[PDB]
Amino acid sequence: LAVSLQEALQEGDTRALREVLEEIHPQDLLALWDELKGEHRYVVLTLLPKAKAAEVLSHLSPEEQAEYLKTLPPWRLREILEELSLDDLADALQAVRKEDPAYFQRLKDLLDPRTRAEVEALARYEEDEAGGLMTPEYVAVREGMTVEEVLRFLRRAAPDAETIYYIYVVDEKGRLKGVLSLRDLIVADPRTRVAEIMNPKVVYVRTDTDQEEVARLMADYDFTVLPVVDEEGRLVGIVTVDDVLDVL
């Protein structure tokens, strides 16, 4: 699928192109990416199935990110943007914002209202602090819920969640009460309460906490996921280790 693409490209074989794009793995494409003329990068980001396109763009430089969000057709932008994880959308928007703040406003208007309001709260936080790294696509439950109710829930929430391997616990006010893992859930009795299984001394970070600290905290405790709260102690999101590895 590697060069077997530049075959469809140099040729102008749309049929063959679309076919290779249906199964080309995002990383396989991100590889030979420096070896693609400008015209070809544009066509691929156009014809690629939207989810993969979002994936690719999410891994490009922010200057490249901003250039394609400014040159790709609005119908296509609509598609790519709605496929981005929230934290990746914010970074992609902030990329454009830096260059053209007016078009940033346009990009946000192309979003679905539910999506648009979410990024807005996000895109604001300092981009080198917990808020600028986190995503609100986590799973939270109450401590009164049983394991059976949570597992049932997770199957429903899985498709959109950043992860379901770490499940946070909150109260009526939305404040962090503890942490739970999919592993514990899987071995526990379906009748067991979540409070009888959670770890009440969950370690967390603030929305303004420096990214150095988030990285250090995640390396020390060996977490793959860390919760992020606001000034009122309420769960507002999670940071995952893949995004910490990138901060280096």
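We number the residues from 1 along the sequence you see.
Note on 168 to 176 vs 87 to 95: mean CA B-factor is higher in 168 to 176. Higher mean CA temperature factor, per the PDB entry, when comparing 31 to 39 with 201 to 209: 31 to 39.
Looking at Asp112, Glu149, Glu162, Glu79, the one whose CA carries the top B-factor in the deposited record is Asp112. When the CA B factors of the chain's modelled residues are split into thirds, the value for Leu122 lands in the middle one. Compared with the other modelled residues of the chain, the Cα B-factor recorded for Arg116 ranks in the highest third.
Per the PDB record, residue ranking by Cα B-factor puts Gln65 in the middle third of the chain.
Ranked against the other modelled residues of its chain, the C-alpha B-factor of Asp220 as given in the entry falls in the middle third. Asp184: CA B factor in the middle third of modelled residues in this chain (values from the PDB entry).
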